[PDB]
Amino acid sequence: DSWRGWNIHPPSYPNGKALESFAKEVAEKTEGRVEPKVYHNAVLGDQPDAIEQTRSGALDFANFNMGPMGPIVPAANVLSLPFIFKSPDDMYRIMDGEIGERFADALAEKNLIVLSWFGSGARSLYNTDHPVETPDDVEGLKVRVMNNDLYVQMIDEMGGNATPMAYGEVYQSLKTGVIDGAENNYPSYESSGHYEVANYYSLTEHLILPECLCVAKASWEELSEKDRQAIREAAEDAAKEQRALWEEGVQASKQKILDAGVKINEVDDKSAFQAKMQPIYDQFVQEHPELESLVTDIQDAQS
């Protein structure tokens, strides 16, 4: 069983190393019956297209951010509500409990089998013009977002205007002035080179998104129980590794961007940004009353 897998990041990124460890452990633990290979840098497609190829069984496994999953799996959109998690540690705690299984079940209905959860820190605004200290500083900024309408609503409510765009296109768009900014965690802001062209990083920390390590349902269904169990074990090992590497990477990436002269600032009052997101939550629970208890259960877990 040859398996092809997808990663958007470079091979040396925390997620990349963890997926290479996964591939190696799978081959060993299945005695060569399943032999995964990871293709990095999104060479097999942009994230929405890779999601579709994995759902249809054309790709066997992947590491997907739950952000672009929202338009495909309704429950996953809960994770894209701005500020729904107070910190990465709260996200890990919640996703590692019974609530995380609700999201795995929802993905399975759309042909994706979640084996473990990777972290992706906290996404913050960066731009080419000035520090963002209050929401009014976002006025006039054209900010790239991922492919989920909630992010357009998010930027618009903060005061700016948004444009959905593939991750691979962002560097050149910033360089040429087509966009003024984008938003991401420390390791992506650094790895991608965006920090070289957008020198202001303002810690809005507005999205804390899980990422899955998942397998195509069609590929999963070809396996014996023994090999399913082996691959589960390999994925749990890979997630523990990824999370440890992740924190080391946040530290290393911050040092690199500081050394390069990036201007990092805290926002005056994060609660001022959070208050402006209220209409997004209102509209969401009105549209999706069947998801309301998922939203309130996550909120209640962080009182």
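The first residue of the sequence shown is number 1, and the count goes up from there.
If you average the C-alpha B-factors over 215-223 and over 118-126, the higher value belongs to 215-223. Averaged over Cα atoms, the B-factor as recorded in the entry is higher for 173-181 than for the other of 97-105 and 173-181. Taking only the listed residues 252, 238, 272, 51, the entry reports the highest CA temperature factor at 272. In this structure the maximum Cα B-factor among 81, 208, 155, 132 is found at 132.
Per the deposited record, the Cα B-factor of residue 243 falls in the lowest third when ranked against the other modelled residues of its chain. Residue 144: CA B factor lies in the lowest third for its chain, per the PDB record. In the deposited entry, the Cα temperature factor of residue 113 places it in the lowest third of its chain's modelled residues.
In this PDB entry, the Cα temperature factor of residue 298 sits in the middle third of its chain's modelled residues. Split the chain's modelled residues into thirds by C-alpha temperature factor. Residue 262 is in the middle one.
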